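Just so you know, residue 1 is the first one in the sequence shown, and it goes up from there. Reckoned from all heavy atoms, side chains included, excluding hydrogens, waters and symmetry mates.
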Amino acid sequence: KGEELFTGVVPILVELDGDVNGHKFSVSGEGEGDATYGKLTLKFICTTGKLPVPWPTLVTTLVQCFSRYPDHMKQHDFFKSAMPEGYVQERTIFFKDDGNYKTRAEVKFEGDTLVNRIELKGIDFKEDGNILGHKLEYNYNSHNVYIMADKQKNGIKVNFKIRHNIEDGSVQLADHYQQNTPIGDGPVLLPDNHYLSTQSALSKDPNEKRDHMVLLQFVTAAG
């Protein structure tokens, strides 16, 4: 059963290939998830050299199966219900006054390792805007992620807004439109409307010379 795969600490591997305004890059990530505590620890490395977009703009793209669902809300956890076969996660991320990311990922088990395998395409970015001109602070706010059932597609629709802080006190809005559908045949839980409360801490390994991001995340389901 899907939820039983997450009762302990689960190794995580993330692999992203990106192209934003023709700037190609790849990111690999390793760490672990403890869904009992809603906890994720991951270190991401840009394997192609310098990341051509700010690290924070990738956080949402780079495993909502690691959310903590309280006991009373267990019947609303789509993400674990689809495992081990997994789900497809697709998004469009509209950066206000700027370009968009379109992403397709498969989140599934490969042996004991939970894998997030992603392709990302960014288009219509301004070369001196907040994204390509690297004007976003290396930090991350706490958000509510709003989940609803999509019966027609046997999955979920997810919508939320990320606010990336800029030095002058303004924000770069990143409007997220998301859908998840199962990879496998088997039964999945289609939830009633609810949200995930998220928080993320970004940091650096002072002795890592590669372009990278260390991430600590806690996510709990509510309502």
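- Remark: side-chain polar atoms of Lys43 are not paired, donor with acceptor, to backbone N or O of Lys204 under 3.5 angstrom.
- Listed by first and then second residue, the ring-ring contact (aromatic ring centres under 6.0 Å, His included) pairs involving residues 167-189 are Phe94-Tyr177, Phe160-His176 (not counting sequence neighbours).
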Pair up each side-chain donor or acceptor in residues 142-153 with any protein partner under 3.5 Å, not counting sequence neighbours, and list the distances.
from: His143; atom 1: ND1; to: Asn141; atom 2: O; distance (Å): 3.1
from: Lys153; atom 1: NZ; to: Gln179; atom 2: OE1; distance (Å): 3.0

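- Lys39 contributes no side-chain N or O that, together with a main-chain N or O of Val219, makes up a donor-acceptor pair within less than 3.5 Å.
- In this structure, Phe6 CZ and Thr36 OG1 are separated by 10.5 Å, a value rounded to the nearest 0.5 Å.
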Acceptor/donor pairs from residues 107-117 side chains to any protein atom, 3.5 angstrom cut, sequence neighbours excluded:
from: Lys108; atom 1: NZ; to: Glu106; atom 2: OE1; distance (Å): 2.7
from: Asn116; atom 1: ND2; to: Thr61; atom 2: O; distance (Å): 3.4
from: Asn116; atom 1: ND2; to: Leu62; atom 2: O; distance (Å): 2.9

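- Under the side chain to side chain donor-acceptor pair (under 3.5 Å) criterion, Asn100 pairs with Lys102, sequence neighbours left out.
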- [ ] Any chance you could lay out the side-chain contact (heavy atoms from CB on, under 4.5 Å) test for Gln178 and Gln89, step after step, and finish with the verdict?
- [x] CA-CA 7 Å; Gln178 173 188 334; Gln89 182 160 300; 3.4 Å; yes
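- Residues that satisfy the ring pair (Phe, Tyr, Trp, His ring centres under 6.0 Å) test with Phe125, not counting sequence neighbours, are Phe95, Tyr101.
- Evaluation of the ring pair (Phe, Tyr, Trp, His ring centres under 6.0 Å) rule for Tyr37 yields no partner, not counting sequence neighbours.
- At a threshold of 4.0 Å, the pair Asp19-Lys24 counts as salt-bridged, since one of the basic side-chain nitrogens sits closer than that to a carboxylate oxygen.
- Within the model, atoms CG of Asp168 and NZ of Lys135 stand 10.0 Å from one another, a figure rounded to the nearest 0.5 Å.
- A donor-acceptor pair under 3.5 Å is formed between the side chain of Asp98 and the backbone N or O of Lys126.
- Between the side chain of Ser26 and the backbone N or O of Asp17, no donor-acceptor pair lies under 3.5 Å.
- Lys96 pairs by the side-chain contact (heavy atoms from CB on, under 4.5 Å) definition with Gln172, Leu173, not counting sequence neighbours.
- Every residue meeting the salt bridge (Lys or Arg N to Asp or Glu O under 4.0 Å) condition with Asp71, not counting sequence neighbours, appears here in chain and number order: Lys74.
- Atoms OG and NZ, on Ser67 and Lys80 in that order, are 6.0 Å from each other to the nearest 0.5 Å.
- Among pairs with a residue in residues 182-199, those fulfilling side chain to side chain donor-acceptor pair (under 3.5 Å) read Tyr69-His194, at least two apart in sequence or across chains.
- In this structure, the side-chain contact (heavy atoms from CB on, under 4.5 Å) partners of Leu215, at least two apart in sequence or on a different chain, are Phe44, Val59, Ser200, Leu202, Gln217.
- Side chain of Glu208 to backbone of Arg210: a donor-acceptor contact under 3.5 angstrom is found.
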TODO: Apply side-chain contact (heavy atoms from CB on, under 4.5 Å) to the pair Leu58 and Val53, showing each step before the final yes or no.
DONE: CA-CA 8 Å; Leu58 298 187; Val53 300; 4.1 Å; yes
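- No path of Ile, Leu, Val, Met, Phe, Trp and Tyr side chains, each step under 4.5 Å between heavy atoms, connects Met83 with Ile183, placing them in separate hydrophobic clusters.
- With sequence neighbours excluded, no residue satisfies ring pair (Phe, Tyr, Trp, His ring centres under 6.0 Å) with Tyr138.
- Distance SG/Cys65 to CG/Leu40: 8.0 Å, rounded to 0.5 Å.
- Ion pair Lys1/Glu3 not flagged as a salt bridge, since none of the NZ, NE, NH1 or NH2 atoms sits closer than 4.0 Å to an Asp/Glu carboxylate oxygen.
- Under the ring pair (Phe, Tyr, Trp, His ring centres under 6.0 Å) criterion, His212 pairs with no residue at all, not counting sequence neighbours.
- Side-chain heavy atoms closer than 4.5 Å link hydrophobic residues (I, L, V, M, F, W, Y) into clusters, and following such links, possibly through other members, connects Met73 to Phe66.
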